[PDB]
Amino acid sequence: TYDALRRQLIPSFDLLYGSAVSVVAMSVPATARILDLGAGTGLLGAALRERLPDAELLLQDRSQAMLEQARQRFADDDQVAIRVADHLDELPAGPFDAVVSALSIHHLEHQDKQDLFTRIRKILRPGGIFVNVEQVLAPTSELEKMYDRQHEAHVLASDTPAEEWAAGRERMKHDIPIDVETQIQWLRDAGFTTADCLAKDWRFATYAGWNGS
């Protein structure tokens, strides 16, 4: 039900989450240590586990209530740990082969995003990857209205319950998105040697930075 509702709310869920899993699987070994930042109920971690059965996953979030759903999702998994931490709290020591995030970093002020990308690179192995499945802003107000129409079109086409879309619109008041190319440049500023947008559906995009590749 929860997972079904995320697909109803998020355009191109399989393309965007799938692209995150694929780019990690082509960038790190089977036995990678992976941090999922703002893991929530652990959906991105779960997508990674399906492809990488031997990866060690650390799921981190500020919300014990969200992480309880992740604990249930990963009940029988001996290679998953859970950590309660804000993005602005001290990160785990690492090192990590990959740091991944979905629909979380857009909650931070822009300066805190720029600092976070830098802090993430410091806990990555050389050649390590940062991947974000993210809600992004259009480059202009007029395009932002078109992004909004395309998002609403997916939500309506998916037969999303009206109450859940209303609750979605209210949660989105707290969002601090920026355009995808600005955030990709922030990865270059943080010292990532390569950064790219792998996949995009208007308001939603999967992008990555490599720490030396």
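So that there is no doubt, residue numbering starts at 1 and follows the sequence shown.
**Q** Averaging only over Cα atoms, indicate whether 186-194 or 201-209 has the higher B-factor in the PDB entry.
**A** Mean CA B-factor is higher for 186-194.
**Q** Which of the two stretches, 84-92 or 69-77, shows the higher mean Cα temperature factor in the record?
**A** So the stretch with the higher mean C-alpha B-factor is 69-77.
**Q** Between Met146, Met26, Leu57, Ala162, which one tops the list for Cα B-factor in this entry?
**A** The record points to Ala162.
**Q** So if I compare the CA B-factors in the entry for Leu35, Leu44, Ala32, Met172, which one is the largest?
**A** Answer for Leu35, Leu44, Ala32, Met172: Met172, with the highest C-alpha B-factor.
**Q** Ordered by C-alpha B-factor within the chain, which third holds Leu52? Give me lowest, middle or highest, please.
**A** Middle third of the chain for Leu52's C-alpha B-factor.
**Q** Divide the modelled residues of the chain into thirds by Cα B-factor and specify which third, lowest, middle or highest, holds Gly40.
**A** Its C-alpha B-factor belongs to the lowest third of this chain's values.
**Q** Taking the C-alpha B-factors as the PDB entry records them, is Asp112 in the lowest, middle or highest third of its chain?
**A** Middle third of the chain for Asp112's C-alpha B-factor.
**Q** Using only modelled residues of the chain, where does the Cα B factor of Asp61 rank: lowest third, middle third or highest third?
**A** Bottom third by C-alpha B-factor.
**Q** Which third of the chain holds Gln135 when residues are ordered by C-alpha B factor: lowest, middle or highest?
**A** Middle third, going by the recorded CA B-factors of the chain.
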